[PDB]
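Given next are the chains, with one letter for each unit.
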Amino acid sequence: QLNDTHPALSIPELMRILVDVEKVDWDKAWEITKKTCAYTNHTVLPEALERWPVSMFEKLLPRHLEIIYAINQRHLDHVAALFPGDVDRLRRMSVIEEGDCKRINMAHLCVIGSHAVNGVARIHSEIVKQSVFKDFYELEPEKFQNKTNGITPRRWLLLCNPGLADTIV
Amino acid sequence: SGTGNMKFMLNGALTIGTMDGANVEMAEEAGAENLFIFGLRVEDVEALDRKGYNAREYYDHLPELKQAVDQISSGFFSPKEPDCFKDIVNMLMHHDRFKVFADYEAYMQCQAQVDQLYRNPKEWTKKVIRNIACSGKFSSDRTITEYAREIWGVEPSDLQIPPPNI
Amino acid sequence: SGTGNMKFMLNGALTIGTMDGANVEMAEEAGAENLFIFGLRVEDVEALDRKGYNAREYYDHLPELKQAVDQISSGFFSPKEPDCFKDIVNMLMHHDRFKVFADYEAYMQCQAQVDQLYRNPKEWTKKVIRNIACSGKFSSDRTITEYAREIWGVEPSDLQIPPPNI
Ligand SMILES: *Cc1c(COP(=O)(O)O)cnc(C)c1O
Ligand SMILES: *Cc1c(COP(=O)(O)O)cnc(C)c1O
């Protein structure tokens, strides 16, 4: 479980260990990756989502960059098959963004490499589906879910408020 | 979402808030009348962006607010360094994306309703009991059981660890 | 001040500008009618801050501007990355301290007067001659003679270096 995009590198690193160390076939490793990983998003609006310049990846993680590029190409071939000639859909759905420098959208990488994607409240999860990852929702609605947050009743009642806990007991 | 919201609800506090995040599901669980919901709704915020937010109009025609902002600006709260909050005031009048002035009147009126309820101890605590009784949904046990069944494909209490050995 | 202003004036260019900095003394030297002065005056800028600047009202009721801003926003000038200028548009509508929209109409009208004068070559160049002839004040010789007499207490040409020896 990926609590935000901070552990997003789990997708290409699982792919790396399975394919380069464990000698598993690329396709098999990918179907294994998507089924093991799930992603939880905590933000609203797409500009808060984590991005890294590709140049930074070229230097620090050259093998993960290669894997990310391969994951993206295979993902856009699929999108191109389902929606032929839709050139702007390909740009929106791509994990790599163009601008003053090429950047890797880690959130897009999490969506593509996870079997499930959840928001943290009912309406936030609707925004996650319909706005933040609109195009991904159109392609795989079943991936997207809601898991309304919670607090532990032990710390946030039994520990901090034994008086109230007893009166209820 | 927010989780602090949930902590106050379980511990006997009433909530003054906007209709966003956890507050929405908290209202829906306990009934919105048991919560002090106020101010712009998500759609109202959008509609104010269509009109264009002019915070000056609020400062100009709300006397209690004008007095408060003038004190902050003139250095009443900072006598030795009277321009300490210049950037606060400049922001509230020209760059306030979070619509502080637009929600001030609604917030004041809402706090008065809070004041009138606290004035009656019994009806205050009755509303509290209604909040606590409807907070059960906001247990992380519920959230985790949800993740386990709908995402992880594991069942809780399928593993039963027996008493240990020393 | 500005010194680029002065460079164009000396080299045969007409000036489209606001009533601020060097433009003011340039107008006063050549007569304001020989310059394309437009838009908010210092006092008008202050008066707009008293009203509160709502850039949305300008975008909404100026069709040529709405079309231009929509193209910038929708990605007409950036087809491959249509959200490239999102922060430009967001700034012009909500955080524009420099009142770009507020001066657009006045600027357009002023550029039309520029267009009508360029359409008449002779009257264009007549106005140019009036600019060049009244630019003499903006010589750094004048500025430096001023510094020398009113600040440094030195007189220019009191030192006369004679021809050298090789
Ligand atoms: C519960 C808790 C939070 C979360 O507060 P929100 O504003 O609801 O996100 C933050 N800090 C501490 C110390 C908490 O116990
Ligand atoms: C004269 C000059 C300036 C000064 O321009 P202002 O906007 O009037 O300050 C700046 N850069 C260069 C290269 C100049 O020659």
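Residues numbered from 1 in each chain as written, not as in the entry; some residues may be left out. Chains lettered and ligands numbered in written order. Part of a larger assembly, values for the part shown. Heavy atoms only, no water.

For this deposition, the record names X-ray crystallography as the technique by which the model was determined and cites 2.50 Å as its resolution.

A. Molecular detail of the interface of chain A and chain B. With 24 residues of chain A in contact, the opposing surface of chain B contributes 22 residues. Buried area between chain A and chain B, both sides added, is near 2100 Å², and the carbon and sulfur share of it is 55%. Considering only the side of chain A, the residues that lose the most area to chain B are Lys147(A), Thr148(A) and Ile151(A), jointly responsible for 29% of the buried surface there. A salt bridge links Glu28(B) to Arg122(A); the shortest N-O distance between them is 2.9 Å. Taken together, chain A and chain B are joined by 19 residue pairs in polar contact. Counting residues per element, the ones that place at least two in the side of chain A that touches chain B are β2 (38-40), β6 (116-119), α9 (154-159) and α10 (162-168) of chain A. (Contact = heavy atoms within 4.5 Å. Buried area = accessible area lost by both parts, 1.4 Å probe. Salt bridge = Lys/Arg side-chain N within 4 Å of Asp/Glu carboxyl O. Polar contact = N/O pair within 3.5 Å; in protein donor to acceptor, adjacent residues only side chain to side chain. Helix = DSSP H or I, 4+ residues; strand = E, 2+ residues; numbered from the N terminus.)

B. A look at the site of ligand 2. Residue and element names in this part refer to chain C. The immediate surroundings of ligand 2 are formed by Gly2, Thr3, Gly4, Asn5 and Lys7. In the model, an oxygen atom of ligand 2 is placed 2.9 Å from a nitrogen or oxygen of the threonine 3 main chain. The separation between an oxygen atom of ligand 2 and a polar side-chain atom of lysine 7 is 2.6 Å. Protein chains bury 32% of the 400 Å² of accessible surface belonging to ligand 2 in isolation. In the shell around ligand 2, the residues fall into no nonpolar, four polar and one charged. (Near = heavy atom within 4 Å. Areas by Shrake-Rupley, 256 points an atom, 1.4 Å probe, with all protein chains shown as cover. Nonpolar A, V, L, I, M, F, W, Y, C, P; charged D, E, K, R; others polar.)

C. Broad picture of the nonpolar core. Of all hydrophobic cores here, the largest spans 36 residues; its most connected members are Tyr39(A), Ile71(A), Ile104(A), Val111(A), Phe133(A), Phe136(A) and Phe144(A). Of all the elements in the fold, those that place two or more residues in this core are α1 (10-21), α2 (26-36), α3 (54-60), α4 (62-82), α6 (106-112), α7 (122-132) and α8 (134-139) of chain A. Each residue touching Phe133(A), except ones within four places of it in the same chain, is listed here: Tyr39(A), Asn41(A), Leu49(A), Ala107(A), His108(A), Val111(A), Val128(A) and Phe144(A). In terms of nonpolar packing, the next biggest core, distinct from the first, is built from 22 residues, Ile151(A), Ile37(B), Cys110(B) and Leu117(B) among them. (Core = buried A, V, L, I, M, F, W, Y, C linked by side-chain atoms within 4.5 Å. Buried < 20%, exposed > 50% of the residue type's maximum accessible area, 1.4 Å probe, protein only.)

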